[PDB]
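One line per chain: the protein sequences are C and F, in this order. Numbered by the UniProt record's numbering, the letters in the first sequence go through residues 35 to 160, 167 to 191, 213 to 397 in order. Numbered by the UniProt record's numbering, the letters in the second sequence go through residues 34 to 162, 168 to 193, 214 to 397 in order.
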Amino acid sequence: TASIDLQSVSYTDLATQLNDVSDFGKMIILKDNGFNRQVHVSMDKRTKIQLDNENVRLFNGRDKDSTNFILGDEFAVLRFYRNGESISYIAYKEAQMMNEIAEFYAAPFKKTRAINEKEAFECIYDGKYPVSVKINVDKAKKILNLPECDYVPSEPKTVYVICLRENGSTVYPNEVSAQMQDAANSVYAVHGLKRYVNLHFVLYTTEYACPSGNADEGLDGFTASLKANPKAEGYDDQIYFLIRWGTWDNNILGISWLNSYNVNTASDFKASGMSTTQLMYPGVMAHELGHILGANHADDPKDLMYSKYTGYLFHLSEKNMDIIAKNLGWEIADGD
Amino acid sequence: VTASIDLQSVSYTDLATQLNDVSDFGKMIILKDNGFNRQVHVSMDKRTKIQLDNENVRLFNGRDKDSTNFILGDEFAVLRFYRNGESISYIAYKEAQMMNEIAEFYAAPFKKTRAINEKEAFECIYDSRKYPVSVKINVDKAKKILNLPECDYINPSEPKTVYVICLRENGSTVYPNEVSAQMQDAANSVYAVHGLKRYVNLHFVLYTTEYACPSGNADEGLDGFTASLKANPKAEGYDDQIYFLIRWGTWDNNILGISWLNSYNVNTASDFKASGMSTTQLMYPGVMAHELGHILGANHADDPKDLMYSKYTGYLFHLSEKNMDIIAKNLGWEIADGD
Ligand SMILES: C[C@@H]1CCc2cc(F)cc3c(=O)c(C(=O)O)cn1c23
Ligand SMILES: C[C@@H]1CCc2cc(F)cc3c(=O)c(C(=O)O)cn1c23
Ligand SMILES: C[C@@H]1CCc2cc(F)cc3c(=O)c(C(=O)O)cn1c23
Ligand SMILES: C[C@@H]1CCc2cc(F)cc3c(=O)c(C(=O)O)cn1c23
Ligand code: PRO
Ligand code: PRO
Ligand code: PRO
Ligand code: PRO
Ligand SMILES: [Cl-]
Ligand SMILES: [Cl-]
Ligand SMILES: [Zn+2]
């Protein structure tokens, strides 16, 4: 009976429905031009997120629903798939911020003028100012013709993922949260790893900025900045990401220290990386987190760890899944 | 190695980073101050939900022997604990402008009446390494320093979700730390009785209403409020929930609140009958809990330490077995179910 109308979905519509999701879950109907999708929504109790101390909650549908939600005080996201394409509904609470976000996402499409712009990008009203935006990331990338971007314990162990907003960079909370949600879900999807780890993401600003466009030099400087940062004292065994909106030289989406995190030996800020957070490249943080957990490049073009950027968000390599799970305390005898 | 909160410099960031680290299994946190120490086992309150104008507010509990509660929103944090029978709150707002405004708001009643030991009742807390990072208020000591007038009252497999819809009266200003403290105390007064968390989970929401009491009279004010709910198009389909009109202040004759007695039953709730009005000011904790008590059928108790005592006392729990049975039965409980 509860429902979300995709022709007029606002922050208030998403917040009132998601805030009613109790421990037992709730059925919510997604309604789109007379066609409906019933989703069983549950609170994500494994991942915690703060962005500059602002609490962000995640929600999951069933496996067959391929639907996830994000909810903060300032914004809400609905993300699902249609013909394998990623579709996001992004809604900001404040009128000024929603207007700014709608202009930010509309601007690239105004440079070009595609006849099918509505299916890739659309401002949603309900009607002078928009209440949300709809973006089909797969369709948007083909219209914009962007450059080709390249690359058992009784309680689970809490692992912090400390994300640091690069000096001078602007990141958008819906985009950063989507990267974090996809990264955490890429780990829990492997060998029942929610039994071993619960990921806690935090976002702060750092004084560090990459000294050039080079990703390799940038990561050397970032890891060195962590060792000299007085705020990071006592946290050398956590996972770190330098984040920005943009990419590095040669359209590199991110970079990280391979096989640098193990639950028993983590130290000296070794488990560090850098990642873009822009909406058009989902799964970059997930790919770099996989690399930090020991995953190598995979040969399946549908693998999250494929050498080229693909848009796929899950580990498919059995060798990588075993390496990642073993680094988080799992053993074959434990099962899935 | 044990996590700790230094009450001589406690800020919003200190409280948020500690409370955001509380997982499903709980966490030990040491509360420290000059001549004071308390180890508390903190847990997330998974029974109560709160939105204030759609802003999510989370509650945290200590063990019964810890006598400690917390509140955490994106904009503010509260630590409240009892020490030598006195309620002490540490209130910290995230934004510097809002923290400065809140510190001035709480300091203003004291500046008029300069008492010798004002520090034990009210104190602006500053960072150790200048604007305040939090305020400390001992309500019991504050009442003895201030010349306040005597405010009183008029002489299942899954729990059921019950919404408590609080409406900010037109022309009133309420503070989020104050409203949340009233809601937390009200919900905890219910769960403390007959294991009622098995039957009900309270979900508080706060919106603004166009309604304003036509006079200072509480009886007339409640008549108008219940009538405004029946005429409110936003309330259509929600006549079986619980409602409160809230303000900062009090009504005529220093009346703290008012409500329709025995107006909520999980099986027959309807026509906006389960409605009341409540002050939310910090100096009168438990007013919403007392009015929610009346709506659930609790009568005046004779013990001066009961939440339901006819006069305002500051106590936050039902002690009357007769009232506890009436309240629990109205929420679906039976004696055979046990506690
Ligand atoms: C989830 C839905 C919309 C938001 C909402 C706000 C509120 F104050 C009360 C209710 C509410 O009472 C409800 C229900 O059917 O029990 C459903 N919702 C509510
Ligand atoms: C103390 C907290 C966790 C560790 C940490 C690592 C780091 F590199 C930067 C920060 C950091 O910047 C921060 C802050 O409040 O701004 C808090 N932490 C940091
Ligand atoms: C709860 C405490 C202070 C806040 C905090 C921020 C953060 F980014 C990382 C940690 C953190 O890693 C930690 C720990 O010991 O595991 C404790 N805290 C952290
Ligand atoms: C729809 C939601 C729950 C029911 C409700 C009762 C009421 F008396 C006032 C409001 C109400 O004012 C409101 C809002 O968004 O402003 C939402 N709800 C209300
Ligand atoms: O979510 C809402 O209700 C408003 C409408 C536009 C921006 N935010
Ligand atoms: O909580 C904090 O970190 C800051 C300090 C004063 C205002 N808020
Ligand atoms: O305080 C009361 O009301 C109950 C009645 C008997 C003694 N205790
Ligand atoms: O009045 C009551 O019910 C509690 C229990 C016995 C005495 N006081
Ligand atoms: Cl104290
Ligand atoms: Cl103890
Ligand atoms: Zn009374």
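Yeah, the Cβ is synthetic: ideal placement off N, Cα and C, and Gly gets one too.
In the three-state reduction of the DSSP assignment, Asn67 (chain C) falls in the coil class, being assigned neither a helical nor a strand state. If you look at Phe262 (chain F), you'll find it in the beta strand (DSSP E) that goes 258 to 266. DSSP places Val75 (chain C) within a strand segment (E or B) once states are collapsed to three. What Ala49 (chain F) touches in chain C, judged by beta-carbon distance under 7 Å, is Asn87, going in chain order. Residues of the region 67 to 98 of chain F with a C-beta atom less than 8 Å from some C-beta of chain C are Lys79, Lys82, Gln84, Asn87, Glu88, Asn89, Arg91, listed in chain order. At least one heavy atom of ligand 8 lies less than 7 Å from the C-beta of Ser378 (chain F). Within the same chain, and ignoring the five residues on either side of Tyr249 (chain F) in sequence, the residues whose Cβ sits closer than 7 Å to its Cβ are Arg80, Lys255. Two segments are said to touch when three or more pairs of C-beta atoms, one from each, lie closer than 8 Å; by this definition the region 169 to 184 of chain F touches the region 114 to 125 of chain F. In terms of beta-carbon proximity, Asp298 (chain C) stays away from the interface with chain F, with every pair separated by 8 Å or more. Between ligand 5 and the CB of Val34 (chain F), the shortest heavy atom gap is not smaller than 7 Å. Under the Cβ criterion of 8 Å, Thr46 (chain F) is counted among the residues facing chain C.
Those residues placing their Cβ nearer than 5 Å to any heavy atom of ligand 5 are, following chain order, C:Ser44, C:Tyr45, C:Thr46, C:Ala129, C:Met132, C:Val171. The beta-carbon distance between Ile300 (chain C) and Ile223 (chain C), rounded to whole angstroms, is 7 Å. This is short enough to meet the 8 Å contact definition. Between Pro362 (chain C) and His348 (chain C), the alpha-carbon positions lie close to 13 Å from each other.
Taken in chain order, the whole beta strand (DSSP E) runs of length 3 or more contained in the UniProt domain "Peptidase metallopeptidase" (253 to 391) of chain F are 258 to 266, 300 to 305, 315 to 317, 333 to 337.
For the region 115 to 128 of chain C, the beta-carbon criterion of a distance under 8 Å to any beta-carbon of chain F is satisfied by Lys127. In the structure shown, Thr219 (chain C) adopts extended strand secondary structure according to DSSP, grouped into three states. When secondary structure is reduced to three states using DSSP, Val173 (chain F) falls in the strand class. Put simply, the CB of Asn290 (chain C) is far from chain F, with every gap to its CB atoms at 8 Å or more. With a minimum length of 4 residues, the unbroken runs of alpha helix (DSSP H) contained wholly in the region 43 to 128 of chain C fall at 45 to 53. Using a CB distance cut-off of 8 Å, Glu216 (chain C) counts as an interface residue toward chain F. For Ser238 (chain F), the enclosing alpha helix (DSSP H) has its first and last residue at 234 to 249.
Put simply, the backbone Cα of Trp318 (chain C) is about 6 Å away from that of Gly334 (chain C). Residue range 155 to 158 is occupied by the beta strand (DSSP E) that includes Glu156 (chain F). When beta bridges are read from the DSSP output, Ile38 (chain F) appears opposite F:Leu64.
With distances taken between CA atoms, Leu52 (chain F) lies nearest to F:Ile38 out of F:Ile38, F:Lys65, F:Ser42.
In this structure, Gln84 (chain C) sits near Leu264 (chain C), with a CB-CB distance shorter than 8 Å.
The closest heavy atom of ligand 4 lies less than 7 Å from the beta carbon of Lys292 (chain F).
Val177 (chain C) and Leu287 (chain C) have their C-alpha atoms spaced approximately 34 Å apart. Between ligand 7 and the CB of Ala386 (chain F), the shortest heavy atom gap is not smaller than 7 Å. With fewer than 16 other CB atoms across the displayed protein chains lying within 10 angstroms of its CB, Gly396 (chain F) is exposed. Shown here, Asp178 (chain F) sits in a helix according to DSSP, grouped into three states. As a beta-bridge residue in DSSP terms, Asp190 (chain C) pairs with C:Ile313, C:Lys369.
For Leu225 (chain C), the secondary structure class from DSSP, reduced to helix, strand or coil, is strand. For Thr219 (chain C), the chain F residues whose C-beta falls within less than 7 Å of its own C-beta are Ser56, listed in chain order.
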